[PDB]
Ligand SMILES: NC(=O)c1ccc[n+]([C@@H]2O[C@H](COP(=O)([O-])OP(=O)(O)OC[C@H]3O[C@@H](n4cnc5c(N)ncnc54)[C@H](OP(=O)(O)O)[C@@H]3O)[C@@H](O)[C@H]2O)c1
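A lone chain, given as structure tokens: the form deposited without the ligand.
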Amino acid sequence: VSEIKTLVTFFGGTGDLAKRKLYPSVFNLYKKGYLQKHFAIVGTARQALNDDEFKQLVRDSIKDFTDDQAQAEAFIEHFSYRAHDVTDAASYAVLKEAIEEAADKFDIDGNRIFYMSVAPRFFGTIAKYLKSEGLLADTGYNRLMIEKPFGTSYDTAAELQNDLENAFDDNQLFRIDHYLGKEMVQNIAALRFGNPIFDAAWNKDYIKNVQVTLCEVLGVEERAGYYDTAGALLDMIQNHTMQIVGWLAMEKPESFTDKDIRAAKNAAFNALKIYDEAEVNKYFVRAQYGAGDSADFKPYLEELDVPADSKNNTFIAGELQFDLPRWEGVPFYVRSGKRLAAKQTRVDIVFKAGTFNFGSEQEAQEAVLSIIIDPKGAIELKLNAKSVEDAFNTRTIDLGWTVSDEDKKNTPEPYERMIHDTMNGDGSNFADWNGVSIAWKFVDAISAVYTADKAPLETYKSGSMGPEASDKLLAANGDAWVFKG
């Protein structure tokens, strides 16, 4: 394949994320023949490590993905390390040293990617110094991969955006959102625009409601410290959920370039309604998990690091409204929570029932296009057909498809996809500033109500699919959640 000539610098190169996903993902790009000779990886972090020590860290990292050691070793030859304080402007001369050293050693003509796998407070600082201290390539490209989260509210996000724009242009900024990197999520556009029957139907004249579900069986487990002030609202809704909604609600772009895609997604984002207190109470539901049927499923308030008086939401379900002609009156439902019935990430498009009367007891029902993203890719299409009865009558049947073992095993993991995409300069699978800002403005209105405690906090048994208020939310529009568990 075509050789990818790039030089990547990993800030926080000794962190768990780098060990678990980053390095192994880069290894795959090498094993697939993309990364060959003209590439180098420069790790950097607080602790001290010599090249031998770092390479051993990398060796362990890719161990469970190594088939031939001689290949692993060939790969490891492209790694280097430098201890570095990101707040120390002077210390950047050391990093610049390593980067240029690698550039000459492997003959890489610019093309630099700086991956910030560090705490958010360092994002702005690192960006400033990459530019002021001359770490940016004068030839080729310069791309910055910003790890989650991009802000904690609109103000903090806008602030971050301003800092980053002092050193980079928005098209050089690659915000990490692994859900956008999921194979099935990238199928949405193909299913829609690739099939006229769905393409022409992706609107208010055919769709009754859209449903996005990100449910997990696990509780807070250990992240309670941070999760207690984030909740389902910021941990899963603001980021992952809103970006999936973006692919679903986008207008039909004028081409498939990331530029036209983003413009189409923004057409929808810019039409999203922001709620006030009364609206939040009407269109949104927040809840916290109680005990399940088994004692080991203890209520949220009894988890480690959780304040006994916490009103944090471990579940969020709400309705979105897009003020666009094509979505006029079409409710987009989203739900995400912990300690639910199953672990899934899916999209359910509920089509309006036909109005042609067959004169049967059971008249036509709503067809449903379900796209299962996690755990295993699957696509289901519920259609109206004839029941096997003596008198003519209709019934719904389910057409299905599921990724094969061959395809399941060939599917690239999100981090490999994201890194690979950045190297190619493809932002299709990344959120842009406009989407992030709107997502924040949308969520901020909701958060404001909760912090003020001007909305109820429902409860629900661990193992169920959420509070009854979640069902009642859809019932008000004559809708119901497709997935029951």
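The numbering used is simple: start at 1 and walk along the sequence shown.
We do not show the form deposited with the ligand bound, though everything after this point is about it.
Judged by heavy atoms within 4.5 Å of the ligand in the deposited complex, the contact stretch among the candidates 387-395, 262-270, 295-303, 85-93 is 85-93.
Though the partner is left out of this view, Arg46 does reach within 4.5 Å of the ligand in the deposited complex, counting heavy atoms only. The ligand is not shown here, and in the deposited complex it never comes within 4.5 Å of any heavy atom of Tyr275. The ligand in the deposited complex is not approached by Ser464, whose heavy atoms all lie more than 4.5 angstroms from it. Taking non-hydrogen atoms only, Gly110 never approaches the ligand to within 4.5 angstroms in the deposited complex. In summary, among the residues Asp348, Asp258, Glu133, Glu147, the only one with a non-hydrogen atom within 4.5 Å of the ligand in the deposited complex is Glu147. Contact with the ligand in the deposited complex, defined as a heavy atom within 4.5 Å, holds for exactly one of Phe123, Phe79, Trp327, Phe284, namely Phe123. Of the residues in 413-430, only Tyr415 comes within 4.5 Å of the ligand in the deposited complex through at least one heavy atom.
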